[PDB]
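As structure tokens, one chain now follows by itself in the form deposited in one PDB entry.
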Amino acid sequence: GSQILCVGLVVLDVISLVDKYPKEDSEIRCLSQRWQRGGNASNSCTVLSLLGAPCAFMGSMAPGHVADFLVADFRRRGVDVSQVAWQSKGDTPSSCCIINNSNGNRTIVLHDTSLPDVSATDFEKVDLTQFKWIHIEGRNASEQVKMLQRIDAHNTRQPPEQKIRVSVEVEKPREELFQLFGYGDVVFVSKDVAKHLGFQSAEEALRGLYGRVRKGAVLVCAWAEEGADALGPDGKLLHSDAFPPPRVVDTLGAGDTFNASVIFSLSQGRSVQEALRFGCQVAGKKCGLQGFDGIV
């Protein structure tokens, strides 16, 4: 019961730092370039390791030079990679990220290689005893529901102090993913998902979606520079203002920084209010830096 497991994507982010966002049909020169290990669950693993949490990553990779870069980067961070679902078909996903140096805006052109996703059969072969917390990035919902049903079955057979805490992230406005609201002790819903469901604020989103979560769950919604809100079974709306840096330089992975920090703070026994504040604090600190170094 020592590690935090993150199930989701690992993507090579090919980043270009620009003075201004390029206009269509133009040729602009970038200021600088870097390769960064990306993906939601993968970025959250980076943040958890930097916060001092033992953590593991579970996701699909294909053998090759890009996987080697990613594996060496995970290993450099102290991220346990023993649970990686190695594939025999498809390439590892990669993406072109354009980071605007004047405001930190990040634009992503993702290349989805259509690598097979982590399955419920892959998850069944995992020894759950070493994990205190399991975070699932919503992707292949029907297959992930079976993974969540397996964690529930395990917890059923465990004393309350040995129960694995669960968090779920619904970040894409995909109908298939909305069944994941009913799973996990902590549900993270993105601003994009909230707006696509017609909600104009985090408070509207939380009140409008709480009926979809399981009994006792906490629903969390970060609204970028407007801060973040949480709603638990007591019906009390919790809010944290954002911690914007004076100069926002790189927002790529800000949401993942927030998720990992909320998870970390809750796993340390801190209140939902404290975890919300800590999440914004670390997300804000990150927005003032290129990448994840120096967040702690």
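The term rigid core refers to the most C-alpha atoms you can superpose between the two forms while keeping them within 1.5 Å. Residues carry their position along the shown sequence, with the first being 1.
> So 213-221 or 147-155, which one's hotter by mean CA B-factor in the entry?
Comparing 213-221 with 147-155, the higher mean C-alpha B-factor belongs to 147-155.
> Would you tell me which stretch averages the higher CA B-factor in the PDB entry, 90-98 or 158-166?
Between 90-98 and 158-166, it is 158-166.
> Of the options 206, 177, 108, 187, which has the highest CA B factor as deposited?
In the PDB entry, the greatest C-alpha B-factor among 206, 177, 108, 187 is found at 177.
> How does the C-alpha B factor of residue 289 compare with the rest of the chain: lowest, middle or highest third?
As the PDB entry reports it, the C-alpha B-factor of residue 289 lands in the lowest third of its chain.
> Based on the deposited C-alpha B factors for this chain, I'd like to know if residue 62 is in the lowest, middle or highest third.
For residue 62, the deposited C-alpha B-factor lands in the highest third.
> Can you work out whether the C-alpha temperature factor of residue 226 puts it in the lowest, middle or highest third of the chain?
Lowest third.
> Thinking about Cα B factors across the chain, which third does residue 277 belong to?
Ranked within chain, residue 277 CA B lands in the lowest tercile.
> What third of its chain, lowest, middle or highest, does the C-alpha temperature factor of residue 24 fall into?
Its C-alpha B-factor belongs to the highest third of this chain's values.
Missing here is the form deposited in another entry; even so, the following discussion is about that form.
> Just one of 197, 72, 153, 108 has a C-alpha that shifts by 2 Å or more between this form and the one not shown on a rigid core fit; which is it?
Correct option: 108.
> Would you tell me if residue 272 moves between this form and the one not shown by 2 Å or more at its C-alpha, with the rigid core held superposed?
Shift at residue 272: below 2 Å after core fit.
> If I superpose the two forms on their rigid core, does the C-alpha of residue 234 end up displaced by 2 Å or more between this form and the one not shown?
No, because once the rigid core is superposed, the C-alpha of residue 234 moves less than 2 Å between this form and the one not shown.
> Return yes or no for residue 16: a CA shift of at least 2 Å between this form and the one not shown, with the rigid core superposed?
Comparing the forms between this form and the one not shown, which are aligned on their rigid core, residue 16 does shift its C-alpha by 2 Å or more.
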